[PDB]
Every structure is written in C-alpha cells, then in structure tokens.
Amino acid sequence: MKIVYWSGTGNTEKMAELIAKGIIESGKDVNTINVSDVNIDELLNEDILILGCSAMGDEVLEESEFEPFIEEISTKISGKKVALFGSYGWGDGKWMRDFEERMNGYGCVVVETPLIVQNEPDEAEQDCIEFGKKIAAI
C-alpha cells in the first residue's frame, strides 16, 4: 500500500508514519511517500489511495504542492477507494470536510471517516495506528 502526504512541520508526517505502523502490524506492506516525491502512475495502481495534508491557508489544502497533486489525479480516480487524514490547529476540520466532499465529487469512494488530529499526535498516536488498521482490514 502507499500513503502520500504533505507536512509543513512534521505533524501530518508523524500521522503518516503511525498509520503505516498500523497497516504493517496488520501484516501488510506500505510505503510512506512525501507528495514532492510521488509517482502518479504507480499511485494510481493502488486499490486504496491514502492521502494526507494538514489544514493550510484558511481551511484549504496546501497550495504549492498538495493541491496541484490532487488536481492532477482528479480526473483519473473515479471509483477508487480513498482514505483521508491530516493534522490541524485552531479549527475543527473544515478543510477536511471539504477535502472529503471534493474527493466524493471526483467519484471516489471515501472508505473511512477522515482522520483528523490536532497538532502533533501524542495522546492521539494510537488513533493514528488504528486508522491504519481499519484501512488494512478492507
């Protein structure tokens, strides 16, 4: 499996690593990929796209890198299962509610409730691992 993410301070990166840990504990292989290094063709071969990005701008996806990536794959993912996650700060998930609506609008099947954690995981570390386990159980 693959996990593609954007992280500005490492909070979403930590989430990505914990989600990976959960998938691995479930017995499956998974690679975590920073959005700057993503191979689009290889990502599209996956049965489940696990995508993560923190809340940026005013409740939007990161603009220089993550956003363009979503735009590029947008027309090539109808029917694909996707799992979404990200870290946030002062809000309550607006950017993620929009991210979920967006992917649904592209015809994706959002497999689990998006995982959102405030700042660095910490107490929420297990929540990250468990989200990975849910994805692996599909």
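So that there is no doubt, residue numbering starts at 1 and follows the sequence shown.
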Q | 43-51 or 84-92, whichever carries the higher mean Cα B-factor | A | 43-51
Q) Would 27-35 or 101-109 have the larger average of its C-alpha temperature factors, as given in the entry? A) 27-35
**Q.** Maximum C-alpha temperature factor, selected from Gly22, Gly10, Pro121, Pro114
**A.** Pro121
(Q) Please say which third, lowest, middle or highest, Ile77 falls into when its CA temperature factor is compared across its chain. (A) highest
